[PDB]
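What follows is a short report on a single structure.
Cβ placement follows ideal geometry from the backbone for every residue including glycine, while neighbour counts extend to all protein chains displayed. Here, each number is a calculation from the coordinates, and none is a lab measurement.
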There are 2 protein chains.
Amino acid sequence: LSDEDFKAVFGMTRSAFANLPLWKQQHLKXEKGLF
Amino acid sequence: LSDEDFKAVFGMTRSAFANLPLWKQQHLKXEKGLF
């Protein structure tokens, strides 16, 4: 994922995603079908 | 996009758009069918 792709996929920046708890990162990526 | 193209597609200025919450930027670009 490029930085723009984080915005397109998750509606937040790469660094905002990285600020989420681990379980939430895993679940959001689960929801999108990503690994 | 050209300045006038941007205004026609989004109905707002570049600055206004960039100042929106990121989730809303993404949803507007969902709504417009850009991707």
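Observations
- Close pairs (9 angstrom Cβ cut-off, 6 or more residues apart or separate chains): in contact (Cβ under 8 Å) with a residue 12 or more places away in the chain in region B:19-32, assigned to a helix (DSSP H, G or I) anywhere: B:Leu28/B:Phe10; B:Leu28/B:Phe17; B:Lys32/B:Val9; B:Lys32/B:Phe10
- Taking region B:10-27 as the range and being part of a helix (DSSP H, G or I), within 11 Å of another protein chain (Cβ to nearest Cβ) and either over 17 Å from A:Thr13 (Cα atoms) or not polar (S, T, N, Q) (or both) as the test, the residues that pass are B:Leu22, B:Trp23, B:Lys24, B:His27.
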